[PDB]
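Peer 1: The data below comprise the sequence and an experimental structure of the protein.
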10 protein chains.
Amino acid sequence: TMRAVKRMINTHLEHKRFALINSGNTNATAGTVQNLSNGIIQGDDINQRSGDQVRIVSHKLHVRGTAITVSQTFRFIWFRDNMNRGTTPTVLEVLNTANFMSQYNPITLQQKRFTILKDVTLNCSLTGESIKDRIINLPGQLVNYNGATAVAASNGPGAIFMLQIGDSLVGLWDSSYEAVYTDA
Amino acid sequence: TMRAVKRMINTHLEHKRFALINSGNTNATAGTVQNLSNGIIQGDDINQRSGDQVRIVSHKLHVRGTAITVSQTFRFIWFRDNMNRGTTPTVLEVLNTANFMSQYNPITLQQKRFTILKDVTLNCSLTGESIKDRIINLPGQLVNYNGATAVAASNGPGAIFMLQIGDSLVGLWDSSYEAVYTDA
Amino acid sequence: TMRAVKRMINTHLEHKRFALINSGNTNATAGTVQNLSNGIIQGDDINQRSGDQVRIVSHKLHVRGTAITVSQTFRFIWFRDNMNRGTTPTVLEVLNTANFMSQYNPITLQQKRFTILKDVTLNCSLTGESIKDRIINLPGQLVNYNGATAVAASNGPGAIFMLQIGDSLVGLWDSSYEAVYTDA
Amino acid sequence: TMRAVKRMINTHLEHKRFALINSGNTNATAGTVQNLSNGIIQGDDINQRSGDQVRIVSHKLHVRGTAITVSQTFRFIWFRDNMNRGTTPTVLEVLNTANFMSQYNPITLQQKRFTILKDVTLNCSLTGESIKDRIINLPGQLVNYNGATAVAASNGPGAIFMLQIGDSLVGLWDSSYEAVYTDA
Amino acid sequence: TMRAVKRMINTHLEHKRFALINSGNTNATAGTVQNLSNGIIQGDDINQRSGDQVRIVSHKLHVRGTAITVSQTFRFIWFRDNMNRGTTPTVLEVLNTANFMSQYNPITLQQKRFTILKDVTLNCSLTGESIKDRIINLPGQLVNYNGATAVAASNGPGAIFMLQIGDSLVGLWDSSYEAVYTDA
Amino acid sequence: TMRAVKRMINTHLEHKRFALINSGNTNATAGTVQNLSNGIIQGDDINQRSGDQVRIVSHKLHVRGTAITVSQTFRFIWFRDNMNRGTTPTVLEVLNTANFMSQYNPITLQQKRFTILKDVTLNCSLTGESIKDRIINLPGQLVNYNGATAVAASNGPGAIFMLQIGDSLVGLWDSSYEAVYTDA
Amino acid sequence: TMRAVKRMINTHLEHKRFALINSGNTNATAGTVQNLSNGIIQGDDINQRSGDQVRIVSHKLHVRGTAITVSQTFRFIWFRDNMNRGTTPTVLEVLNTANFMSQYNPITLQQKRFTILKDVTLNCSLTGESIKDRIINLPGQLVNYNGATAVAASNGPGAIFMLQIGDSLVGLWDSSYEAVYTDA
Amino acid sequence: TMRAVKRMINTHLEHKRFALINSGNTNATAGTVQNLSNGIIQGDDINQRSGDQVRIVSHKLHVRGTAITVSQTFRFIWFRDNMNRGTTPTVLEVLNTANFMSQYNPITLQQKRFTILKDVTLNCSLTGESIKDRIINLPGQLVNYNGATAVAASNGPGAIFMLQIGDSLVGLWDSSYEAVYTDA
Amino acid sequence: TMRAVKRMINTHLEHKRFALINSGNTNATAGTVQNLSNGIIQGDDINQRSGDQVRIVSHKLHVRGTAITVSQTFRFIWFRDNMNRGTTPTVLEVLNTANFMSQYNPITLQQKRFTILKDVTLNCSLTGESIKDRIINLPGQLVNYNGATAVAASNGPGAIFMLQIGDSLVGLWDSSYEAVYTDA
Amino acid sequence: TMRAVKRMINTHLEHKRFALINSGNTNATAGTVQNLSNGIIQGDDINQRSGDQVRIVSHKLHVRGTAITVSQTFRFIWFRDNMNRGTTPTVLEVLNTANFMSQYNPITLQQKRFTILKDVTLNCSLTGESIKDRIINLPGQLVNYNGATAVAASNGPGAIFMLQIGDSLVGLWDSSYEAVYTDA
Ligand SMILES: [Mg+2]
Ligand SMILES: [Mg+2]
Ligand SMILES: [Mg+2]
Ligand SMILES: [Mg+2]
Ligand SMILES: [Mg+2]
Ligand SMILES: [Mg+2]
Ligand SMILES: [Mg+2]
Ligand SMILES: [Mg+2]
Ligand SMILES: [Mg+2]
Ligand SMILES: [Mg+2]
Ligand SMILES: [Mg+2]
Ligand SMILES: [Mg+2]
Ligand SMILES: [Mg+2]
Ligand SMILES: [Mg+2]
């Protein structure tokens, strides 16, 4: 019976879509954290939200690494921040050490501060597959906001981030992100 | 049980209303296509939409023709464009020939490009009922948009149009349109 | 169960459509018989047939009379010829006498030579409703042909005709015809 | 019981087949959209249609990319246009931006203007697998047409297209397409 | 079971048809009674009877009045004489007074001398609908005869008549009558 | 139970009988069509009809060919015309070509214009059985007429004909026909 | 239930008919193979096909031999080629030796290359029945084609042929062939 | 259940075929016995056997007699020798006397030495049917051999023979024989 | 129960095996068709057949391509000819065009002339996996023959072939084939 | 019911986490054994234990090899020491010989001295994938200790080790280890 409720309710709720592209970035040893869900700002457009809450029905992540000069490994971490208070998470909050071989931070994952959605490691070789890509599609959850604009202060619980970290600074990595959500 | 769902859900969704008036237009031999649902633009007002989708619960069409100089026939076609891509439909896409006696286009109706809601023909005579009117009330369906403003490029699948065509160019026809819709 | 067969089969058969217009004709005392289904000719187009048989799912007739000079009556007979052998039926085969008040021919209707679909009589007055129209929509049956082109010799059993007869020779009557058929 | 209907009906309907080959084309940054189902024209031959509707039982897509000069990525999008009105779709209607990393257009996919059948990305490296191919076989649906010939104006709802877009202009990509359909 | 008897028996009995036309008659104040079923005479033709009895399966009456000079009312009475003895009924036997506003004769209708099938009153105005018509189709009953020819002496119980009476002597009224009967 | 109805009804209906003889006719290459049921004319005699309809309970055909000079083949076609309009059918309407080896006309038999009752081919040899005969007895159906006399214009749907065609013009063929029918 | 499917489907499919005549041919010792189903060519006519497949509902074969000079035997073989690749079968593929007394080829019938429908042998004597004929009516099966025209290259699996072989070269044999098929 | 065994086993066993022709032989008064099954010799070909046993699934006999000079009777006896020891049976072992009117030998048929499959007598007259033929198809049984080659010494139990005997020495008779057998 | 039949019967039937090797062949642009099942000839050896039929229980295909000079693609088509008449199939009968990217021939596959068992495409790169191989194991069906020796004329329905076609003429491809069959 | 116990108990027990990283080590021919679980020392911190027992709910192993100078194979053995007495296991206790191709020691695995969790072999080529990695996640068991500090003497039954051994001494391998355990 609950299935009928989903059909009945979701047929009356617009499934807004937001598209994000981030191409041309270099590989990092210390690492970087990239905002994906923050592009959803306040407004009456299809790629915007009313209020500070949106339910993401599903979202897609696409990454692609390229090897330059030397063979290198690209690591991508797709996680969810359930305790954000208006800040872009650092790398040391997600990993025990700032190394691509590092494991997740024991303190933060015990608290369930972050939820890992998918961790991807790409090895791109000059003498082999110099280019390597992967696509991930997963369901989403509720996403809160602490503001209106697309600045870090607008992030809230349920924020969406991607962590990139590797063994070289010369390779180039590209990514894209799309989300399907309801704003009611 | 599904009836309770409708009551439960529709009691929590605002039923926005949009009113449209179009009076003083002359009768046409070649014909004209008039936008009705495009007046719904983006915004936070009661006669506006958020996003690019709205479900029309019901809508009403009112037409009225007047005979001037000579007796003439007013034909009104109330149809739905389910394949709009940002254009106001022409008359030859709806009729085999640009004549008030013409039948619907076989190619487009086979594809279900247009859905006919109600076709009305009014005969107004100088020696008789010089004035003649009719009111139509029907349920609505989902209406998409390809933009934000009230220009033709904003029209999308589910658009609402009215086709007017007659045997004279001197008569005057007036119309009105109201829609009750939910924007969630 | 037979309902499912109709859905299963008709979803795989193209519903070809043919549109016919005939406007500007004068009213007749002796009467005239007009071909409607003969425009369907052999070919691979949407308004054509392969072979010499087509099943008409439904068809529509639209007529409109206008009074000129004097008040006059327009009579329209929409019948089906189930015994055609390559000829356009005459008026005396359909009516006992060549008069708009005449009844159907007793000899031919006993044989079921013709099947009456709808008989329409319009009275158009100069001091009243100078113009009068009517629309008829009915299901169709099998239609055979005795040729390929759009000449009278191509007509066969199941042909579609309209008989027009009135009390004056000055009035003008217009008509249109559309058919939805399967050619398999 | 409905299974028997499929066997009973499909044993009496010819399964026409159409073969298409497109080889020697260069990789594109802005992208290109290729017609596949338009080669089916009107006629009485096995690779032709009668009317403007055909049901595609199944269809197959074959692609193959080759790396020249530099390593490059080939992206292939196999989609269905359900709202075509006589035009070859552009790339910006299918992607948010004209980039191989771009996501699908939020506005058009919300409307269900296009249906994605299969998206394929091939990475061809000079130091590795310089050549890479893939074969896709899927069931088909109804395909309408707006004309008779093999020009873009003949395309209609259900049209079949392939989008090719990459990160270089020197690589060469080849493709083939076959469809099995019934024309009744 | 009795339904099968009707099908079994009526499939073996010829359904003879008789057509009658009476056009160009003037409106009457005192009134006139017109013979309709008397045209059925003795013979071996399709519009004739053997003996003096026929069962009328169904019969149709068509009337049409026209206004001349002044606006006038046409009254038509379609009745059945169940006690005829070889005479054409008068108007005073059917109406209390020889006036178009008169009610049926109390003495004769108490006896069931006449059976009223349909009473029609047409108001034709020079400034409005100068012409007005009506068609009636009803089942029939047994019809006896007192002779062989088409004279009044041949009428018997079950005879069919029409009474015409109005408020002017200048208008023209026309009529037609057809009957479907079995002669076994 | 329906069997009792047949006994009950047929015991009260006279079974009229009509006898026809046609002897001394020569064999034909182009062929000839002979009227058999037309001898039933209007009247009160036992071999006549009242009206224009008769139900033939059963009918019998007898043919006999004789060889003269050279051996020859006699072909006899006993068919029923269900779409007659007052004409004696030609040979080209029944056969694709005017040859004794010809097959039935594809166009007319698709329409069911003619119903084949029995086709008989007799080969008569001078050195063998110079004479050869055959008798056929079949049930009948309803037979309509378009007139009263025994001319071709009196033929109607359900008419009865025999087609004779052979490979020589010197042989002599004889025939007879009897029908048992009810005229009620 | 499957019977209803046949009625439901076959009532919507035209039963095209093709008529073939072949008269005046001499008897053969070595034998000859005659094309019967190849006359069905591509087109939109009633005696034509769309595509390269047709289902033959039923087909009829008529043969007739005549004795000239000396008494001779006519042998007729009506077979089906289920493995045709664009060639008219030879006589040695159907018979072990080129003799009218020969049996079927063991190699080809083991493979089921040919399917025998009916084998007819006629003995025509000058001192007896100089002429002898036979008619065969059988159901049909699917018939494929490898082309469009009526040449041998157009023949495919399911082709229809007749083999004629006898003990003399002076006799004359005639034949005809008709087929009832659906082209959907 | 045993039916399934036949299908299961016979689908895995080759059905070898052997064709035999014997034409141009004269009619005999004393009679002659002809070998039919002996042509099956040892080898790996389709018309050969491995070992000395074969099961004949079915076999066919075709005979044809011709009258020369005087009218004569051809008698054909198709029998089976179940006790053969390497000899071609004589005529006196099959008939009480060497006469075409003779009955079967009482001594040998009591022992079931021979099994009669079909006895055919043809009367061919110069003034009538000078030629007469007959075809017989029957199931077969096990056939043993006493050798390898096609000589009489190779015959064994189950051998197949035909006895020909008549009242004249001038007529010519022809025959053919085919067998379908399994060699496992 | 039918499973026991398979065990019971197959335990008494020898499972003959045939081994085929074909190494050192160059890649082809136009393509080549290779005989695999023809090596089975007549005889009493384990790799031979008696008669002209064998049931292949299972068969195995092994292919291996090598890149020389330039990177190239090897395409292998493993199909079954069900309508062979003593010929090695050409490439144009299996493919619409003589290109490695070509699709299967629509005309021949509609007829089911060929049955595709497995299509394999190998891409061999000089900078990567210069060598690439694949092994296929499938069940078999009945295989007929039209001769005795290992020439093309000996091929029959059920023949086994492999089609090789590529984009270069310098690469070398090798293959092997083994079949397990019963000859009873 | 036991499932509820797990939920009830594990919700009250802290799931301590320990993170270990070991990067920059060279490949070994003789091999090396690395301590992973010994980093868990006594204390009140989250990455420490109270007592000498901890239950590991789950643990993760990550390895990554890199090829330098020459292509080489990295072998990783992830095992459990269930009989430790305060010593780091040697390589000869785990393998029959100190070779990367060696099998496990028969004597020690019979005793179940070591339990193999996962054995991974990575082949890294200079002309191909110079870098190769793998991630393993498995449940854990009880882990005892014989001390307090992170020296080898502190190891006890249930210890966790990784064995690395390869065919070269120039390659570099990196690893990480994380464990989730309860200390109650
Ligand atoms: Mg919201
Ligand atoms: Mg909305
Ligand atoms: Mg048709
Ligand atoms: Mg490489
Ligand atoms: Mg079609
Ligand atoms: Mg009567
Ligand atoms: Mg009379
Ligand atoms: Mg009658
Ligand atoms: Mg055509
Ligand atoms: Mg077809
Ligand atoms: Mg044997
Ligand atoms: Mg041998
Ligand atoms: Mg065999
Ligand atoms: Mg503890």
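Peer 2: Right, received. Where do you want to start? Numbering: from 1, shown residues only, chains lettered A, B, ... in the order given. Ligands and ions are numbered 1, 2, ... in the order given.
Peer 1: drop to CA atoms for contacts and neighbour counts, all remaining ones
Peer 2: Fine.
Peer 1: Just give the nearest non-adjacent residue to the most centrally placed residue in chain A, would you?
Peer 2: Centroid check for chain A by C-alpha atoms, centre = their mean gives residue A:161 as the closest residue, at 3.4 Å. Nearest residue to residue A:161, sequence neighbours excluded (C-alpha to C-alpha, 6 or more residues apart in numbering or on different chains): residue A:35, at 5.1 Å.
Peer 1: cool, and residue A:52?
Peer 2: Per C-alpha to C-alpha, 6+ apart, closest to residue A:52 is residue A:145, 4.8 Å.
Peer 1: Show me what the one you found bridges to in the sheet.
Peer 2: residue A:155 (DSSP bridges).
Peer 1: How about residue A:181, nearest residue that isn't a chain neighbour?
Peer 2: Among residues not flanking residue A:181 along the chain, residue A:56 sits closest, at 3.9 Å (C-alpha to C-alpha, 6+ apart).
Peer 1: Hmm, that neighbour is touching residue A:184, no?
Peer 2: No. The criterion here is C-alpha atoms under 8 Å, and residue A:56 misses it with residue A:184 at 11.6 Å.
Peer 1: Pick out whichever of these two has more residues nearby.
Peer 2: The neighbour count for residue A:56 versus residue A:184, taken as other C-alpha atoms under 10 Å in any protein chain shown, is higher for residue A:56 (21 against 15).
Peer 1: Before we go further, residue A:4 is sitting in a helix, right?
Peer 2: Yes. Counting by DSSP: H, G, I helix; E, B strand; the rest coil, residue A:4 is part of a helix.
Peer 1: what about residue A:108, which SS state?
Peer 2: helix.
Peer 1: Pull out the buried residues from the strand ranked longest in chain A.
Peer 2: Ordering each strand of chain A by length in residues (DSSP state E) puts strand A:53-66 first. Buried positions in strand A:53-66, judged by neighbour count with 16 or more other C-alpha atoms under 10 Å in any protein chain shown: A:53-57, A:59-66.
Peer 1: And those, which is closest to chain I?
Peer 2: Of all these, residue A:66 has the smallest distance to chain I: 17.9 Å, by C-alpha to the nearest C-alpha.
Peer 1: Who are the contact partners of the closest one?
Peer 2: A:124, A:130, A:131, A:132, A:171, A:172, A:173 (C-alpha atoms under 8 Å, 6 or more residues apart in numbering or on different chains).
Peer 1: Chain A against chain B: which residues are in contact?
Peer 2: A:4-5, A:8-9, A:12-14, A:16, A:44-48, A:183-184 (C-alpha under 8 Å from any C-alpha of the partner chain).
Peer 1: Show me which of those residues are buried.
Peer 2: A:12, A:13, A:14, A:16, A:44, A:45, A:46, A:47, A:48, A:183.
Peer 1: so who does residue A:88 touch?
Peer 2: Residue A:88 touches A:33, A:35, A:152, A:155, counting by C-alpha under 8 Å, 6+ apart.
Peer 1: Report the entries of the residues you listed that also contact ligand 2.
Peer 2: Here nothing survives when these are matched to ligand 2 using C-alpha under 5 Å from the ion.
Peer 1: and these, which two are the farthest apart?
Peer 2: A:33 and A:155 (13.2 Å; C-alpha to C-alpha).
Peer 1: The two: which has the busier surroundings?
Peer 2: residue A:155 (28 against 18).
Peer 1: How many neighbouring residues does the residue nearest to residue A:78 when sequence neighbours are not counted have?
Peer 2: Spatially, and ignoring its direct neighbours in sequence, residue A:78 is nearest to residue A:162 (4.6 Å; C-alpha to C-alpha, 6+ apart). Residues contacting residue A:162 under the criterion other C-alpha under 10 Å number 20.
Peer 1: The one 5 residues further on too?
Peer 2: Other residues within reach of residue A:167, judged by other C-alpha under 10 Å, total 19.
Peer 1: show me what contacts it?
Peer 2: Residue A:167 touches A:27, A:28, A:29, A:72, A:73, A:74, A:99, A:100, counting by C-alpha under 8 Å, 6+ apart.
Peer 1: among the residues you listed, which ones are buried?
Peer 2: So, of those, A:27, A:28, A:72, A:73, A:74, A:99, A:100 end up buried under the neighbour-count rule (16+ other C-alpha under 10 Å).
Peer 1: now, among those residues, which is nearest to residue J:120?
Peer 2: residue A:73 (19.4 Å).
Peer 1: Helix, strand or coil: sort out the closest one for me.
Peer 2: Quick answer, by three-state DSSP: residue A:73 is strand.
Peer 1: May I see the contacts of residue A:66 organised as TSV, with neighbour count and distance to residue D:108 added?
Peer 2: Below are the contacts of residue A:66 laid out as TSV (neighbours: other C-alpha atoms under 10 Å in any protein chain shown; distance: C-alpha to C-alpha, whole Å):
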residue	neighbour count	distance to residue D:108
A:124	27	35
A:130	26	34
A:131	23	30
A:132	22	29
A:171	23	34
A:172	18	31
A:173	22	28
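Peer 1: same for ligand 6: which of these are within range?
Peer 2: Within the contacts of residue A:66, nothing lies near ligand 6 by C-alpha under 5 Å from the ion.
Peer 1: Residue J:116: which of these is nearest?
Peer 2: Looking across these and measuring by C-alpha to C-alpha, the closest to residue J:116 is residue A:124, at 31.0 Å.
Peer 1: any idea how far the closest residue in space to residue A:8 that isn't next to it in sequence is from residue H:172?
Peer 2: Ranked by C-alpha to C-alpha, 6+ apart and with sequence neighbours excluded, the top spatial neighbour of residue A:8 is residue B:5, at 7.4 Å. Distance, residue B:5 to residue H:172, by C-alpha to C-alpha, to the nearest Å: 96 Å.
Peer 1: Could I get the full set of helices for chain A?
Peer 2: With DSSP state H as the criterion, chain A has helices at A:2-10, A:106-110.
Peer 1: Name the stretch among those that sits most buried.
Peer 2: helix A:106-110 (a mean of 18; mean count of other C-alpha atoms under 10 Å in any protein chain shown).
Peer 1: I figured residue A:92 hits residue A:102, correct?
Peer 2: No. Under the criterion of C-alpha under 8 Å, residue A:92 makes no contact with residue A:102, lying 10.0 Å away.
Peer 1: ok, back up a step: okay if I get the helices of chain A as a markdown table plus distance to residue E:108?
Peer 2: Formatted as a markdown table, these follow (distance: least, C-alpha to C-alpha, whole Å):
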| stretch | distance to residue E:108 |
| --- | --- |
| helix A:2-10 | 69 |
| helix A:106-110 | 106 |
